[PDB]
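Single chain ahead, written as structure tokens, the form deposited in one PDB entry.
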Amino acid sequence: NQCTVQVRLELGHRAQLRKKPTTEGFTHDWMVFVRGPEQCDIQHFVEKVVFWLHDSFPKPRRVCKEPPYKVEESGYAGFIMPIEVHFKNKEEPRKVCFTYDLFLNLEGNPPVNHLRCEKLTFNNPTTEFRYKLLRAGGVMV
């Protein structure tokens, strides 16, 4: 049964100036996401993604149960965004948290377009979960 499976997640964000600062004077539009690499379907092993926005947002616990795993909002400032990626796994681990640095372009700088690549290593996953990771394009090591 000895077996290690690796899968890849990409977290990222885009930010630029709003032309029309909003009804609460929002200077930026931004978008944060979680995705797989090209030709991988992370929906096979990802139950859901939860984006924990700033406490100042309405309903700041944003849940994507299916792709795209993304939040699009307007704001005035960057903040640290907890992101939880829940797995379709019956044993441990059930999820992984990331602390995402959602930063905006200030002082009329070009738009932000950032990607953070994360490798997840699953040691001795169950038969069922191993199947999901490999279906998603996971690789045995």
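C-alpha atoms forming the largest set that superposes within 1.5 Å between two forms make up the rigid core. Residues that one form lacks are left out of the comparison. Quick note: we count residues from 1 along the sequence shown, nothing fancier.
As recorded in the PDB entry, 71 to 79 is the stretch of 71 to 79 and 42 to 50 with the greater mean C-alpha temperature factor. Relative to one another, 12 to 20 and 117 to 125 have unequal mean CA B-factors, and 12 to 20 is the one with the higher figure.
Per the deposited record, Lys59 carries the highest C-alpha B-factor of all listed residues (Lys59, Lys88, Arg35, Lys65). Across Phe103, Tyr100, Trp30, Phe26, the entry's maximum B-factor at the CA atom is seen for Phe26.
Ranked by C-alpha B-factor against the other modelled residues of its chain, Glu107 falls in the highest third. Among all modelled residues in this chain, the alpha-carbon of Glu84 has a temperature factor (C-alpha) in the lowest third.
Not pictured, yet referred to below: the form deposited in another entry.
Of the residues listed here (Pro93, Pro37, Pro68, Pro111), only one shifts its CA by 2 angstroms or more between the shown form and the other one after fitting on the rigid core, and it is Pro111.
In that other deposited form, the Cα positions of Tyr100 and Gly108 lie at least 3 Å nearer to each other than in the form displayed. Relative to this conformation, a decrease of 3 Å or more in the Cα-Cα distance between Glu107 and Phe103 is found in that other deposited form. The rigid-core fit between the shown form and the other one yields exactly one 3+ residue run with every Cα displaced by 2 Å or more: 105 to 112.
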